[PDB]
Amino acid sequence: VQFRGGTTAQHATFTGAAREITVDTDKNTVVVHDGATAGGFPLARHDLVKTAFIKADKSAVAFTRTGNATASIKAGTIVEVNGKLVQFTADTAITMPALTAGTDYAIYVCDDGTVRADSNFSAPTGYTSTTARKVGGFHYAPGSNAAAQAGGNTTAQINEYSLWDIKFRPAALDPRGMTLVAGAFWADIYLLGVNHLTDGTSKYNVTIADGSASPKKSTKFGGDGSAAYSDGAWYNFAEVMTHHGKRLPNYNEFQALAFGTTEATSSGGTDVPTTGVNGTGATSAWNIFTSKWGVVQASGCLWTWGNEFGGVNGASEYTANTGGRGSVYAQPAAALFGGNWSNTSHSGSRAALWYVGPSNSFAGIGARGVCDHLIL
């Protein structure tokens, strides 16, 4: 059984009867008619709504944390996947795999109507990247977000603020290991590691980059994947953040991301070598410095370079201290935020040192990344 049909040009001067259905053979679509409107009312091909993703509440993430190791996709969520429509009319549990402290997970919606989390960011176990669509994710933290201003605990659990989806996410090239601070912007949960090219900037239980262990050189700026920078200059940390589509925090972002930490307190001892782990000789455990938003070692562990300049200036003479990329003159210090392990009662979410020039490198100075919140 074949229907009446014509080209698009034939369709333009043609008014079909009310409730008549024709077939545009150029478009391979149906055209609904009303007895008056020339051309009728063409319907949409499915190819043109591929990747559709509609939420009932576009101002919030598509998922709800329902417990330390459980979460749900929200009612009213409509997802296109592999030519099919999958929607959830009520809050629906996300099938969870084994969850491991300090690991990122991707949430998929599949064309058989299921929804599940997985450590694999291409496809979940038992599916392909065609039948399964990555729609978001979360971080399973080593400990709780801070309930007050005394850090968190060491109960591994989903960080609710780390929940992202494809229309509610960090603007960074890679969303993993980030958390949403006060609904306003995203911060890296962990201080920058040396091996950020493989790990990303934000990973649990890795060696922290500072003056004594410089980050791998960015492969977007002459790095080869093996060489590290000669030191931990501001320039190098800023270059690494840019590599990953992030930036160093300014003062307003730092006081936000670090709120919840134990204030006026430092880690103590002689070092903080590793993310999400007690420092060397520490008199306070790592979790004492978790922020409200799940930022780990948010203060009192290492200074982070900031994306702000001011305070004490270098000499008023052209000074070639930029790693061979020109000279600076009356160079203001680059901000340093948070305090390090040796900084006693002076650390905290508003700790700020404006003395160190950007060319300098020290063992207790590292970095944390941030980027914008994106709501589409």
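When you see a residue number, it is the position in the sequence shown, counting from 1.
Of the two stretches examined, 283 to 291 and 168 to 176, the record assigns the greater average C-alpha temperature factor to 168 to 176.
Taking the mean C-alpha B-factor of each stretch as recorded, 115 to 123 and 187 to 195 are not equal, and the higher mean is that of 115 to 123.
Which of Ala156, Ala132, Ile208, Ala150 has the largest Cα B-factor in the deposited entry comes down to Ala132. Per the deposited record, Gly39 carries the highest C-alpha B-factor of all listed residues (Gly39, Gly311, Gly314, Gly326). In the deposited entry, the Cα temperature factor of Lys246 sits in the bottom third of values across the chain's modelled residues. Per the PDB record, residue ranking by Cα B-factor puts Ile365 in the lowest third of the chain.
In the deposited entry, the Cα temperature factor of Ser218 sits in the middle third of values across the chain's modelled residues. Among the modelled residues of its chain, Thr103 has a C-alpha B-factor that falls in the middle third according to the deposited record.
Ranked against the other modelled residues of its chain, the C-alpha B-factor of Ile21 as given in the entry falls in the highest third.
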